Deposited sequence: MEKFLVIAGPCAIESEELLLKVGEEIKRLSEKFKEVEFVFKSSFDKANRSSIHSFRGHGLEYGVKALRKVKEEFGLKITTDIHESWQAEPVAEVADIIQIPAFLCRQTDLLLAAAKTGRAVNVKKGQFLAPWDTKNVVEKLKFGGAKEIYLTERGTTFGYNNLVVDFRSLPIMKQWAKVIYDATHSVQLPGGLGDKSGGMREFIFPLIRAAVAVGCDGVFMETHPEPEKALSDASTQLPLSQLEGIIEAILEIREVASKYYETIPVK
């Protein structure tokens, strides 16, 4: 099934997760041919500023995510930042996410693989698409069976990311490929929200295995990535659009 990974960027509160989770559950009942996976980070471990929001800790976050899985029967994903975190996170996370800056950290990758969960690696803004073959090879060496690579943009001069859509067919040679619709048009340190939907249309027309998109009931109040979180109320329309474009374009997806 096509994957849709969605949720609020950060675990701002169990309350926020339950509100978002309720809508993701409703959509999962409406779009049965899509596999939904609920995402939220227990820690923003790489904020630019020491004064910015990080979160409420790994214990609180894992608990809140457990509530979402229990209340709604949704699969769960969250990111890890150091190797020791893999095991406790794997108790709740069906997919362990590796942050883009950390895509080359061998121990983090091996720790995630050791848990027996699926692993989704964000492609570093410094990595070339062909450079991801070695990422997959580490994860296979560590025992991983279900592996995703996520396109999230590439450094393009200062304070800008570009999406090179050539990466989608290149990375598909060795893993399932997800397109991150949210952070790919985030300007680090043109934009931004106005480009989210057009580029997710591009990703599906080119061909991918799923889309990653963050959502919040009121984006302007979000504590992380406010400029690019999608309003919750817009998610349904975008998902239906994704599915329609994929239905038509998929006739033309090239083999391997």
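Q: Counting from 1 along the deposited sequence, which stretches lack C-alpha positions?
A: The deposited sequence has unmodelled segments at 1 to 2, 192 to 197, 265 to 267.
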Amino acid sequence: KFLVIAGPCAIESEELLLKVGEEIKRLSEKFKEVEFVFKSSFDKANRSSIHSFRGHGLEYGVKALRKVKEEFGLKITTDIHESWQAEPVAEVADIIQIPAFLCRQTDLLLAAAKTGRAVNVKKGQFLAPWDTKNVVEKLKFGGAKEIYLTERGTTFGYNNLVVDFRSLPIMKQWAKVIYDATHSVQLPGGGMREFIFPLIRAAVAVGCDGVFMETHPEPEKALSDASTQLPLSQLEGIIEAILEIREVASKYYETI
From here on, numbers count along this sequence of modelled residues.
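Q: Checking the other entries of this protein that model its neighbours, is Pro231 missing in at least a third?
A: No, modelled in all of them.
Q: Say whether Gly210, which has coordinates in the shown structure, is without coordinates in a third or more of the other compared entries.
A: No, none of the compared structures omit it.
Q: Which of the two stretches, 87 to 95 or 125 to 133, shows the higher mean Cα temperature factor in the record?
A: According to the PDB entry, the answer is 87 to 95.
Q: Going by the B-factors listed in the PDB entry, is the mean over the C-alpha atoms higher for 52 to 60 or for 199 to 207?
A: Between 199 to 207 and 52 to 60, it is 52 to 60 that shows the higher mean C-alpha B-factor.
Q: If I read the C-alpha B-factors straight from the PDB entry, which of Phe42, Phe212, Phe38, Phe31 is highest?
A: Top of the list by C-alpha B-factor: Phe31.
Q: Considering only modelled residues of the same chain, in which third does the CA B-factor of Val4 rank: lowest, middle or highest?
A: It belongs to the middle third of the chain when residues are ordered by C-alpha B-factor.
Q: Relative to the other modelled residues of the same chain, rank the CA B-factor of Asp180 and answer lowest, middle or highest third.
A: According to the entry, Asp180 has a C-alpha B-factor in the chain's lowest third.
Q: Per the entry's values, where does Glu236 land by CA temperature factor relative to the rest of its chain, in the lowest, middle or highest third?
A: For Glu236, whose C-alpha B-factor we compare with every modelled residue in the chain, the answer is the middle third.
Q: Thinking about Cα B factors across the chain, which third does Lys145 belong to?
A: According to the entry, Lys145 has a C-alpha B-factor in the chain's highest third.
Q: Just say lowest, middle or highest third for the CA B-factor of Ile24 relative to the other modelled residues in its chain.
A: Ranked within chain, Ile24 CA B lands in the highest tercile.
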